[PDB]
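Secondary and tertiary structure notes
Listed below, chain by chain, are the residues.
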Amino acid sequence: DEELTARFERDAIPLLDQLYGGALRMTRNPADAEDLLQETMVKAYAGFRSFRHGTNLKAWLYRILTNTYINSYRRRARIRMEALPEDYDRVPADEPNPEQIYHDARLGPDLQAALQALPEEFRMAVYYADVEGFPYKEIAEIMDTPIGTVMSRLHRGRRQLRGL
Amino acid sequence: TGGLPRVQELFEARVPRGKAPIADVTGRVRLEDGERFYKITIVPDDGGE
Amino acid sequence: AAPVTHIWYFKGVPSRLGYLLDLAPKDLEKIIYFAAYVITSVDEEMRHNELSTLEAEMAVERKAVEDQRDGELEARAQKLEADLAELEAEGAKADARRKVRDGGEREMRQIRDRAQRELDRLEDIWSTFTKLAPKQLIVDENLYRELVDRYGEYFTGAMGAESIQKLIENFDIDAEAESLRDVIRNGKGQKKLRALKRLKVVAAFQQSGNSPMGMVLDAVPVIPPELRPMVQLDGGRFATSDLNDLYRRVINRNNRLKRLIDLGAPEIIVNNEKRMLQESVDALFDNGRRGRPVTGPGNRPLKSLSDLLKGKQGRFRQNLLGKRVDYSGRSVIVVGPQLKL
DNA sequence: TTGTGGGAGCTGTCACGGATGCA
DNA sequence: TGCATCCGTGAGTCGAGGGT
RNA sequence: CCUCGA
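Attention in this report is confined to the structure presented alongside it. (Residues numbered from 1 in each chain as written, not as in the entry; some residues may be left out. Chains lettered and ligands numbered in written order. Part of a larger assembly, values for the part shown. Heavy atoms only, no water. Residues with missing side-chain atoms left out of burial classes, pairs and counts.)

1. Describing the interface of chain A and chain C
Stated formally: A contact between two residues is defined here by any heavy atoms of the two lying within 4.5 Å. By the criteria applied, helices consist of DSSP H or I runs no shorter than four residues and strands consist of E runs no shorter than two, each listed in order from the N terminus. Residues are grouped as follows: nonpolar covers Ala, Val, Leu, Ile, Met, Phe, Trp, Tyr, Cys and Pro; charged covers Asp, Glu, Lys and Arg; every other residue, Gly included, is treated as polar. One bridge is not enough; two strands pair if DSSP finds at least two bridges between them.
Listed as interface residues are 23 residues of chain A and, on the opposing side, 33 residues of chain C. Per-element tally for the side of chain A that touches chain C: the top contributor is helix α3 (residues 30-46) of chain A, with ten residues. Here the side of chain A that touches chain C is built from residues that sort into 13 nonpolar, two polar and eight charged. Where strand β1 (residues 81-83) of chain A lies against strand β7 (residues 238-240) of chain C, three bridges are found, and the strand directions are parallel. Paired with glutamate 82 of chain A across the bridge in β7 of chain C is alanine 239 of chain C.

Structural data, given as structure tokens:
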């Protein structure tokens, strides 16, 4: 009812200024007391019809703010959030170094085992099914061979490379 | 003024403290002696004011 | 949810908006932070084609107030005369009798001064409506509420940055630029220097094709996450840059404003939330530039987007004009005399 | 969400220039 | 509308280690 | 941020 919203601004807005000094006594941070006071006003205006006129609205609103702060405390203090060191450039990246990415992209001494000791039928099919991870039908398309050829050259190339 | 402060005063082209004004034009000088303050008037030789 | 001014162009001295609109920076402070209403547009023809009727109604209202004042004063005067006659009938001390008389005269003076305050408020309302124009500030909440209760459909007034956005919309930049050029050219003095200062920014906005509307924002950019890192610390702890907390406050306040808008909240609460949204965006951009800075744990101000560039620790001095390099080392020196130059 | 309940913590800095704001 | 005031600039470089 | 080195 539009009579309830005017009932609000009439005798409860003068309390809004005295509540700011109260929320500040709890949060000790003006940017947080303002968020708390506004959150209390949203919670009280949505359910203003639940207040019985004539009785004390100041004691009512104050208990709303007290309860929404105890909830907001345990809700957001469940995870401890603190600040970075004063220099942000000392927060380390967790990537491998140029030397680390060079030796990790190459291959060991076995690169000549899978190159010469295996036939090019096994070498090309094993290298593209494990490094690239293509689907079994995508490796079927690269060499013009069905599953019977691709799945076999892989099973046999692994036993081939099991040696050495 | 001092040392390095005077260097900064010059390189920044700031109006120096303890300013000594210069003459605008050739002329005759009239300096009025005063206990508290001085005063000067110049009458130009070029037919000026 | 509601536009916001870029604190760089409001609070950065000299106020670039304060020059663009030729408003004083304190008036801009009142408008943007919801202390004073500002008149965005005035309907000229409608105010002129109804001025006679509105003035007539005004005069009738004033006559009504004056008639009521005279009725009250006459009632009180007859009452005082009757009471003093009642006291003179009996034994009346001259001084207590004059005390009663002075009480009556004080009551009359109070009636008259109350009526005069009402008539003065009426005069103020009428003279203000007759002299309404864009860029004018109504600092009295009562005066604005009256000026909208009556004459409401003859103008538009607003608070916050939405009204500054409107004033920029209805702003003809070429007109003001040529006006300032004429002032500079055909005049001199301190007004000449002020006009040159204003022409700097006005001609900068004019000649380039950069819309001045850019000084007010309806969406805020968000820097990618890698440039505002969040790292897991030893245990359940975490660590973030201050940018993340500033973005969190902006987000939470915008969401609360949307809630208030949908909930049909009082204009006072929604204006509070719009003011808080503006302040949080100002903190995100340049914290501490207006008012006190926003503090995290331990009363420590939060590094804003502008802090990243400023100072020896900023990007320019610390990451662009000088850097840490590879293939480099350091050690204590000792004298080797056997060495060659 | 009813009957009470308004804050920390700072200044012990210095020199300069120009927009702001008031007389 | 003429300044006095207030507000906003700037104040060396590179290193080590320990903390939130 | 603090303590220290040139």
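2. Details of the pairing of strand β2 (residues 39-44) of chain B
Residue and element names in this part refer to chain B. Pairing between strand β1 (residues 27-32) and β2: six bridges, direction antiparallel. Each residue of the ladder has a partner; that of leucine 31, found in β2, is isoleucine 40. Taking the residues that link successive antiparallel strands as the turn, the β1-β2 hairpin has six residues.

3. Things to note about the pattern of salt bridges
How we decide: For salt bridges, the criterion is a side-chain nitrogen of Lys or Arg within 4 Å of an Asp or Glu carboxyl oxygen. For every residue, the accessible area (1.4 Å probe, protein chains only) is compared with the maximum for its type, and the residue is labelled buried under 20%, exposed over 50%, or partly exposed between those bounds.
All told, the structure shown has 34 salt bridges over all chains when counted by the stated rule. Between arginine 145 of chain C and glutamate 141 of chain C there is a salt bridge whose closest N-O contact spans 2.7 Å. One end of the pair is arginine 145 of chain C and the other is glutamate 141 of chain C, both in helix α7 (residues 141-149) and four residues apart, which spans about a single turn. Measuring nitrogen to oxygen at the nearest pair gives 3.1 Å for the salt bridge that ties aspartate 242 of chain C to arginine 300 of chain C. Taken as a pair, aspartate 242 of chain C in helix α11 (residues 242-262) and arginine 300 of chain C in the loop between α12 (267-285) and α13 (315-320) lie far apart in primary sequence, 58 residues in all. Relative accessible area serves as the criterion here: at 31%, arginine 300 of chain C is assigned to the partly exposed category. Within this structure, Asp32, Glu34, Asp35 and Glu39 of chain A together with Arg249, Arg253, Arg256, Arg259 and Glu273 of chain C form a network of salt bridges that share partners.

4. Observations concerning the protein's contact with DNA strand E
Note the threshold: Definition of nearness: a residue and a molecule or strand are near each other if at least one heavy atom of the residue lies within 4 Å of the molecule or strand. Whenever a nitrogen or oxygen atom comes within 3.5 Å of another N or O atom, the pair is scored as a polar contact, on the condition that within protein one atom can donate a hydrogen and the other can accept it, and that pairs from neighbouring residues in sequence are kept only if both atoms are in side chains.
Taken together, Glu82, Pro85 and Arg90 of chain A together with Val13, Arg194, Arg289, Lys312, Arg317, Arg324 and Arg330 of chain C form the complete shell of residues around DNA strand E. Sugar and phosphate atoms represent 79% of those atoms of DNA strand E found within 4 Å of the protein. At a separation of 2.9 Å, a phosphate oxygen of DNA strand E approaches a polar side-chain atom of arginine 317 of chain C. Broken down by class, the residue content of the surface near DNA strand E amounts to two nonpolar, no polar and eight charged.

5. Notes on the sheet that holds strand β4 (residues 155-158) of chain C
Residue and element names in this part refer to chain C. Worth spelling out the cut-off: Note on geometry: axes are C-alpha line fits, over the in-contact stretch for helices, and angles between N-to-C directions span 0 to 180 degrees.
Across the sheet, which stays open at both edges, the three strands sit in the order β3-β2-β4 with antiparallel pairing between neighbours. Each of the sheet's edge strands pairs with one partner strand only, and the pair in question is β3 (137-138) and β4. Relative to β4, strand β2 (residues 37-42) runs antiparallel, the two being bridged by four bridges. Bridge pairing links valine 42 to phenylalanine 155 in β4. α7 contacts β2, β3 and β4 of the sheet and is inclined by roughly 150 degrees relative to β4.

6. A closer look at the protein's contact with DNA strand D
As a structural note, the neighbourhood of DNA strand D is formed by 27 residues, with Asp17, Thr55, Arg63 and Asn67 of chain A together with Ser15 of chain C the closest of them. When the atoms of DNA strand D within 4 Å of the protein are sorted by group, sugar and phosphate make up 57%. In the model, a base oxygen of DNA strand D is placed 2.8 Å from a nitrogen or oxygen of the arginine 63 of chain A side chain. The backbone of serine 15 of chain C places a nitrogen or oxygen atom 2.7 Å from a phosphate oxygen of DNA strand D. Breaking the surface near DNA strand D down by element, the ones donating at least two residues are α2 (13-27), α3 and α4 (57-76) of chain A together with α3 (25-32) and α10 (190-208) of chain C. Considered class by class, the residues forming the surface near DNA strand D number eleven nonpolar, five polar and eleven charged.

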